[PDB]
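Below sits a lone chain in structure tokens, taken as the form deposited in one PDB entry.
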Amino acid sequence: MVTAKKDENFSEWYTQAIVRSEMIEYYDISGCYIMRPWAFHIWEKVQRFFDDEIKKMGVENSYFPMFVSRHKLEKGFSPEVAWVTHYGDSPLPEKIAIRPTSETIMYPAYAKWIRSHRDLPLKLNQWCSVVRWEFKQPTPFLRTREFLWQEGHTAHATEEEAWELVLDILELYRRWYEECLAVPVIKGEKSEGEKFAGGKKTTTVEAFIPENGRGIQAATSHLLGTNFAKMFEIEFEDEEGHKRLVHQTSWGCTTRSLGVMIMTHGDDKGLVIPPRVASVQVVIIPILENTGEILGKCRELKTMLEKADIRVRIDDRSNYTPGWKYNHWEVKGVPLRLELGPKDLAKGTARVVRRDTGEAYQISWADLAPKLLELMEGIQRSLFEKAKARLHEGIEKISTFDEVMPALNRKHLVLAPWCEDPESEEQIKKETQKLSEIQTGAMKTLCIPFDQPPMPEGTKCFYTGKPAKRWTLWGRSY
């Protein structure tokens, strides 16, 4: 049973929810966690969605090695990578790192494979795990030392084609969150200080966690331009015979998405899993003395529902009371519970309870499959709409810096007109950190949203008083 209340002790609530729902197991190596089937099935669902979509775009999957040579990674202080230095008791002549990302593994191959315009575009993806051995405190799903992800890497003859792909991928990430996970996200461009330094422009989808007021980056898609093509000599002869640099993109999204989903939809009773990704969509709980009447009808119902492609489990485990099973599956977040006891059997009905609201329905056995499909569609949409309402309520539009600290104290983000000077972003981070100290606490840019309201002529930047350029979203962050 979940005892910590989500609004009062959010961090303990999160730990309880992910452990008692059987999503994670702890491990002796800090920063690494076991992903149990209840969570892994959600990853499998989003992976299938995204993989099907990128295949429609002509992206093909591949698999590159998990190791990169020291001289290829460092193309005098090491990055925060895990170094393999020995095989058995024998030192390697040159240490090798576990991939933190695969640019330095893939791009030498791209340089070999690309020789002429005929070879472009080149569009590859891989599903793997990466390792980033940061010394800070980990958080399951959200910030871990090893994590599962997909990384896409493309090369094109023109920047326009590369940018088109950047935006198509970002739209797929919006769909991953909004359509599969029912989590609303905001598409935007990263500031110069926050973008990937190896690239030209970084686009992002950002999510908001109301309980701690923090934004979190949900996925990323980069227009790399020609920087990496210069560094790796990825050149092609054009249709007229001149050597040119390719224009590249890269993009990724991780199991952080599951953590965002958990935090968005969970409640005081535990998880709430959107029907589109739930391992089990309907749990059948026989109200049981096993004559065979009740479980016979349950097996018939499960067969029937599975013909409608509903993911069903009958919980016929012994020595647990019905109420125990009800709470067990509520903590796990199954979106629908189907109760079948003796009175139900006598009437030819079943009692269906939806997890998000607790509303109960008496449904005849015949109406079961269509009514349950309808209810799952309603649950999915209601989860999304309520989360989107909370997102809207969490963003305050401001004009001057003196509004910032009140908004941050309300656990809100701010949308502010900004001159986009990177010096000013560093100054704002320092000032908000120190104001929080006197009163991390730093506010930073989350993104410059694609959806720009008009910028009235003469609008001043909320911090510098210089002419504002764009409306920018700021907040405390992960």
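Residues carry their position along the shown sequence, with the first being 1. Throughout, rigid core stands for the largest set of C-alpha atoms superposing within 1.5 Å between the two forms.
From this point on, the text means the form deposited in another entry, which you will not see here.
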Practice task
Overlay on the rigid core first, then point out the one of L167, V352, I96, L295 whose CA is displaced 2 Å or more between this form and the one not shown.
Solution key: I96
Exercise for the section: Look at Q452 and decide if its Cα position differs by 2 Å or more between this form and the one not shown after superposing on the rigid core. Expected result: no
Problem - Yes/no, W127 Cα shift of 2 Å or more between this form and the one not shown with rigid core fixed - result: no
Exercise for the section: Please check if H86 moves between this form and the one not shown, taking a CA shift of 2 Å or more relative to the superposed core as movement. Expected result: yes
